[PDB]
$ cat coords_24.cif   # mmCIF, C-alpha atoms; chains and numbers go by the auth columns
data_entry
#
loop_
_atom_site.group_PDB
_atom_site.id
_atom_site.type_symbol
_atom_site.label_atom_id
_atom_site.label_comp_id
_atom_site.label_asym_id
_atom_site.label_seq_id
_atom_site.Cartn_x
_atom_site.Cartn_y
_atom_site.Cartn_z
_atom_site.B_iso_or_equiv
_atom_site.auth_seq_id
_atom_site.auth_asym_id
ATOM 1 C CA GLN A 1 119.823 157.447 137.062 0.00 759 A
ATOM 2 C CA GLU A 2 116.598 158.987 138.342 0.00 760 A
ATOM 3 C CA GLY A 3 113.667 157.003 139.740 0.00 761 A
ATOM 4 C CA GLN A 4 110.928 159.321 138.493 0.00 762 A
ATOM 5 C CA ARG A 5 112.797 158.638 135.292 0.00 763 A
ATOM 6 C CA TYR A 6 112.465 154.899 135.905 0.00 764 A
ATOM 7 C CA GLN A 7 108.762 154.446 136.687 0.00 765 A
ATOM 8 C CA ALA A 8 108.479 156.375 133.422 0.00 766 A
ATOM 9 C CA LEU A 9 110.061 153.822 131.090 0.00 767 A
ATOM 10 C CA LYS A 10 108.762 151.078 133.379 0.00 768 A
ATOM 11 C CA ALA A 11 105.067 151.717 132.766 0.00 769 A
ATOM 12 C CA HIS A 12 105.870 151.845 129.060 0.00 770 A
ATOM 13 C CA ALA A 13 107.979 148.664 129.187 0.00 771 A
ATOM 14 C CA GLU A 14 105.124 146.754 130.834 0.00 772 A
ATOM 15 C CA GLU A 15 103.010 147.677 127.803 0.00 773 A
ATOM 16 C CA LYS A 16 105.410 146.260 125.172 0.00 774 A
ATOM 17 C CA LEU A 17 105.542 143.089 127.246 0.00 775 A
ATOM 18 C CA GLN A 18 101.788 142.889 127.711 0.00 776 A
ATOM 19 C CA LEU A 19 101.335 142.955 123.909 0.00 777 A
ATOM 20 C CA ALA A 20 103.980 140.365 123.028 0.00 778 A
ATOM 21 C CA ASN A 21 102.438 138.018 125.595 0.00 779 A
ATOM 22 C CA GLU A 22 99.046 138.494 123.945 0.00 780 A
ATOM 23 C CA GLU A 23 100.338 137.766 120.451 0.00 781 A
ATOM 24 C CA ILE A 24 102.227 134.816 121.919 0.00 782 A
ATOM 25 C CA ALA A 25 98.749 133.580 122.922 0.00 783 A
ATOM 26 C CA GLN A 26 97.389 134.243 119.428 0.00 784 A
ATOM 27 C CA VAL A 27 100.205 132.662 117.381 0.00 785 A
ATOM 28 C CA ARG A 28 100.165 129.471 119.404 0.00 786 A
ATOM 29 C CA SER A 29 96.396 129.183 119.010 0.00 787 A
ATOM 30 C CA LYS A 30 96.616 129.946 115.286 0.00 788 A
ATOM 31 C CA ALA A 31 99.353 127.413 114.681 0.00 789 A
ATOM 32 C CA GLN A 32 97.382 124.623 116.338 0.00 790 A
ATOM 33 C CA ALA A 33 94.142 125.547 114.588 0.00 791 A
ATOM 34 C CA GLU A 34 95.915 125.688 111.221 0.00 792 A
ATOM 35 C CA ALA A 35 97.659 122.430 112.112 0.00 793 A
ATOM 36 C CA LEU A 36 94.432 120.597 112.969 0.00 794 A
ATOM 37 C CA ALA A 37 92.411 121.828 109.986 0.00 795 A
ATOM 38 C CA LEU A 38 95.152 120.884 107.537 0.00 796 A
ATOM 39 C CA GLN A 39 96.133 117.443 108.843 0.00 797 A
ATOM 40 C CA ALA A 40 92.416 116.672 108.707 0.00 798 A
ATOM 41 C CA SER A 41 92.053 117.686 105.066 0.00 799 A
ATOM 42 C CA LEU A 42 95.039 115.484 104.205 0.00 800 A
ATOM 43 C CA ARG A 43 93.848 112.294 105.894 0.00 801 A
ATOM 44 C CA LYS A 44 90.522 113.019 104.191 0.00 802 A
ATOM 45 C CA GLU A 45 92.173 113.096 100.767 0.00 803 A
ATOM 46 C CA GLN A 46 94.354 110.061 101.476 0.00 804 A
ATOM 47 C CA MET A 47 91.174 108.083 102.257 0.00 805 A
ATOM 48 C CA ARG A 48 89.326 109.049 99.070 0.00 806 A
ATOM 49 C CA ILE A 49 92.426 107.849 97.300 0.00 807 A
ATOM 50 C CA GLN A 50 92.266 104.412 98.894 0.00 808 A
ATOM 51 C CA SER A 51 88.525 104.666 98.342 0.00 809 A
ATOM 52 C CA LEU A 52 89.151 105.384 94.662 0.00 810 A
ATOM 53 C CA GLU A 53 92.201 103.108 94.445 0.00 811 A
ATOM 54 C CA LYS A 54 89.980 100.243 95.433 0.00 812 A
ATOM 55 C CA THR A 55 86.926 101.319 93.467 0.00 813 A
ATOM 56 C CA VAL A 56 89.326 100.851 90.546 0.00 814 A
ATOM 57 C CA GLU A 57 90.378 97.271 91.411 0.00 815 A
ATOM 58 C CA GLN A 58 86.668 96.470 91.615 0.00 816 A
ATOM 59 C CA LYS A 59 85.837 97.831 88.173 0.00 817 A
ATOM 60 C CA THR A 60 88.761 95.704 87.020 0.00 818 A
ATOM 61 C CA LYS A 61 87.300 92.686 88.817 0.00 819 A
ATOM 62 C CA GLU A 62 83.908 93.410 87.271 0.00 820 A
ATOM 63 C CA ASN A 63 85.530 93.558 83.835 0.00 821 A
ATOM 64 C CA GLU A 64 87.105 90.143 84.407 0.00 822 A
ATOM 65 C CA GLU A 65 83.894 88.605 85.761 0.00 823 A
ATOM 66 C CA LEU A 66 81.812 90.053 82.923 0.00 824 A
ATOM 67 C CA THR A 67 84.312 88.601 80.465 0.00 825 A
ATOM 68 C CA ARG A 68 84.286 85.306 82.384 0.00 826 A
ATOM 69 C CA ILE A 69 80.509 84.909 82.283 0.00 827 A
ATOM 70 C CA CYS A 70 79.861 86.185 78.748 0.00 828 A
ATOM 71 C CA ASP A 71 82.731 84.204 77.254 0.00 829 A
ATOM 72 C CA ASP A 72 81.479 81.123 79.089 0.00 830 A
ATOM 73 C CA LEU A 73 78.128 81.764 77.438 0.00 831 A
ATOM 74 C CA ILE A 74 79.707 82.229 74.003 0.00 832 A
ATOM 75 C CA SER A 75 81.634 78.968 74.343 0.00 833 A
ATOM 76 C CA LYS A 76 78.595 76.892 75.326 0.00 834 A
ATOM 77 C CA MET A 77 76.716 78.433 72.398 0.00 835 A
ATOM 78 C CA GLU A 78 79.414 77.328 69.958 0.00 836 A
ATOM 79 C CA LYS A 79 79.271 73.874 71.527 0.00 837 A
ATOM 80 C CA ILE A 80 75.519 73.223 71.345 0.00 838 A
ATOM 81 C CA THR B 1 126.485 155.239 140.806 0.00 758 B
ATOM 82 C CA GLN B 2 124.955 152.210 142.516 0.00 759 B
ATOM 83 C CA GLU B 3 121.518 153.604 141.682 0.00 760 B
ATOM 84 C CA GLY B 4 122.495 153.598 138.042 0.00 761 B
ATOM 85 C CA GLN B 5 123.798 150.062 138.487 0.00 762 B
ATOM 86 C CA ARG B 6 120.518 148.923 140.038 0.00 763 B
ATOM 87 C CA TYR B 7 118.159 150.459 137.481 0.00 764 B
ATOM 88 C CA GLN B 8 120.310 149.331 134.567 0.00 765 B
ATOM 89 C CA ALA B 9 119.979 145.712 135.678 0.00 766 B
ATOM 90 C CA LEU B 10 116.230 146.206 136.145 0.00 767 B
ATOM 91 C CA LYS B 11 115.866 147.526 132.602 0.00 768 B
ATOM 92 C CA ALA B 12 118.068 144.695 131.323 0.00 769 B
ATOM 93 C CA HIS B 13 115.740 142.251 133.068 0.00 770 B
ATOM 94 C CA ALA B 14 112.628 143.715 131.445 0.00 771 B
ATOM 95 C CA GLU B 15 114.457 144.027 128.119 0.00 772 B
ATOM 96 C CA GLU B 16 115.555 140.389 127.994 0.00 773 B
ATOM 97 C CA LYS B 17 112.151 139.102 129.085 0.00 774 B
ATOM 98 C CA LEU B 18 110.709 140.995 126.114 0.00 775 B
ATOM 99 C CA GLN B 19 113.358 139.654 123.736 0.00 776 B
ATOM 100 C CA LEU B 20 112.587 136.062 124.717 0.00 777 B
ATOM 101 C CA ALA B 21 108.897 136.809 124.205 0.00 778 B
ATOM 102 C CA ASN B 22 109.636 138.318 120.791 0.00 779 B
ATOM 103 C CA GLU B 23 111.814 135.329 119.994 0.00 780 B
ATOM 104 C CA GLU B 24 108.996 132.927 120.971 0.00 781 B
ATOM 105 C CA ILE B 25 106.553 134.705 118.642 0.00 782 B
ATOM 106 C CA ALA B 26 109.034 134.360 115.781 0.00 783 B
ATOM 107 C CA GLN B 27 109.949 130.663 116.283 0.00 784 B
ATOM 108 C CA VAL B 28 106.286 129.693 116.577 0.00 785 B
ATOM 109 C CA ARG B 29 105.159 131.534 113.447 0.00 786 B
ATOM 110 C CA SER B 30 108.321 130.302 111.745 0.00 787 B
ATOM 111 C CA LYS B 31 107.457 126.658 112.416 0.00 788 B
ATOM 112 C CA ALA B 32 103.754 127.246 111.759 0.00 789 B
ATOM 113 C CA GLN B 33 104.375 128.556 108.239 0.00 790 B
ATOM 114 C CA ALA B 34 106.899 125.821 107.445 0.00 791 B
ATOM 115 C CA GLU B 35 104.638 122.921 108.417 0.00 792 B
ATOM 116 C CA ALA B 36 101.725 124.625 106.657 0.00 793 B
ATOM 117 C CA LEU B 37 103.608 124.600 103.351 0.00 794 B
ATOM 118 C CA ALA B 38 104.977 121.058 103.482 0.00 795 B
ATOM 119 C CA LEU B 39 101.498 119.563 103.944 0.00 796 B
ATOM 120 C CA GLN B 40 99.397 121.838 101.763 0.00 797 B
ATOM 121 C CA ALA B 41 101.874 120.966 99.029 0.00 798 B
ATOM 122 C CA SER B 42 101.322 117.309 99.930 0.00 799 B
ATOM 123 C CA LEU B 43 97.607 118.074 99.900 0.00 800 B
ATOM 124 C CA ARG B 44 97.925 119.344 96.326 0.00 801 B
ATOM 125 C CA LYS B 45 99.648 116.136 95.354 0.00 802 B
ATOM 126 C CA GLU B 46 96.703 114.095 96.599 0.00 803 B
ATOM 127 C CA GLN B 47 94.101 116.307 94.907 0.00 804 B
ATOM 128 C CA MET B 48 95.911 115.633 91.631 0.00 805 B
ATOM 129 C CA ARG B 49 96.206 111.929 92.427 0.00 806 B
ATOM 130 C CA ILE B 50 92.433 111.932 92.904 0.00 807 B
ATOM 131 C CA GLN B 51 91.805 113.593 89.516 0.00 808 B
ATOM 132 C CA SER B 52 93.606 110.773 87.706 0.00 809 B
ATOM 133 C CA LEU B 53 91.874 108.034 89.705 0.00 810 B
ATOM 134 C CA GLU B 54 88.512 109.615 88.908 0.00 811 B
ATOM 135 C CA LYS B 55 89.366 109.503 85.202 0.00 812 B
ATOM 136 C CA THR B 56 90.342 105.841 85.553 0.00 813 B
ATOM 137 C CA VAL B 57 87.066 104.980 87.290 0.00 814 B
ATOM 138 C CA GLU B 58 84.943 106.687 84.640 0.00 815 B
ATOM 139 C CA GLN B 59 87.127 104.961 82.043 0.00 816 B
ATOM 140 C CA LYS B 60 86.592 101.438 83.368 0.00 817 B
ATOM 141 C CA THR B 61 82.929 102.174 84.106 0.00 818 B
ATOM 142 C CA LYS B 62 82.356 102.848 80.405 0.00 819 B
ATOM 143 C CA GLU B 63 84.309 99.734 79.401 0.00 820 B
ATOM 144 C CA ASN B 64 82.154 97.572 81.663 0.00 821 B
ATOM 145 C CA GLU B 65 78.982 99.302 80.473 0.00 822 B
ATOM 146 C CA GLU B 66 79.778 98.569 76.828 0.00 823 B
ATOM 147 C CA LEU B 67 80.695 94.998 77.723 0.00 824 B
ATOM 148 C CA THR B 68 77.491 94.446 79.703 0.00 825 B
ATOM 149 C CA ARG B 69 75.304 95.878 76.933 0.00 826 B
ATOM 150 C CA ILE B 70 76.594 93.699 74.077 0.00 827 B
ATOM 151 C CA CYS B 71 76.402 90.641 76.350 0.00 828 B
ATOM 152 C CA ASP B 72 72.861 91.596 77.292 0.00 829 B
ATOM 153 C CA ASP B 73 72.161 92.021 73.587 0.00 830 B
ATOM 154 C CA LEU B 74 73.516 88.532 72.904 0.00 831 B
ATOM 155 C CA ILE B 75 71.462 86.993 75.717 0.00 832 B
ATOM 156 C CA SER B 76 68.248 88.722 74.619 0.00 833 B
ATOM 157 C CA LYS B 77 68.551 87.270 71.110 0.00 834 B
ATOM 158 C CA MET B 78 68.389 83.787 72.611 0.00 835 B
ATOM 159 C CA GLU B 79 65.510 84.715 74.888 0.00 836 B
ATOM 160 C CA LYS B 80 62.125 84.541 73.143 0.00 837 B
ATOM 161 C CA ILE B 81 63.826 84.698 69.738 0.00 838 B
#
$ encode --input "coords_24.cif" --output "structure tokens"
Amino acid sequence: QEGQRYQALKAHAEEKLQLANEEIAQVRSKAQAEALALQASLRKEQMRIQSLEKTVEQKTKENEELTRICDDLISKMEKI
Amino acid sequence: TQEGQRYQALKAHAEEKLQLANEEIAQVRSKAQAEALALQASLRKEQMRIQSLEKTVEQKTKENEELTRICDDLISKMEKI
């Protein structure tokens, strides 16, 4: 087929390419950005959990120590 | 026509190069959306997990407050009086 025909669809075809390549650049950037921001939020939650998980074992410890001390007191009072 | 044969291969070249580009866009945004759901669901799980832990903390905090106050009350009675 014709060549004047060709350069015709050619200049167009370069355009469709030149837009897919751009959005290729976009969707890769997006994906990484969305990856980063989300794996950061997670490890931030997971840490508050172990923060909270171990704030809890310490309230438990405090409950046991409070009971230890105040029951020790009670006993010595009964034994005066 | 050898001309026809030449230009048809040239268009096939440009066509395929576009298709691979279009494929790449699709795979990437396919995998992006998939990973984004698996974690943000996992995120939700942790946010819930945190709600329950925060209830537990405020629960035990009150228990220890009540326990400290009646002990303090006992101690005070023996101090000065």
$ atom_distance --input "coords_24.cif" --atom1 "CA of residue 821 in chain A" --atom2 "CA of residue 812 in chain B"
16.5 Å
$ atom_distance --input "coords_24.cif" --atom1 "CA of residue 799 in chain A" --atom2 "CA of residue 786 in chain A"
20.3 Å
$ resolve_selection --input "coords_24.cif" --expression "the PyMOL selection byres ((chain A) within 7 of (chain B))" --output "ChimeraX atom specification"
/A:759,775,778-779,782,785-786,789,800,803-804,807,810-811,814,817,821,824,828
$ atom_distance --input "coords_24.cif" --atom1 "CA of residue 783 in chain A" --atom2 "CA of residue 796 in chain A"
20.3 Å
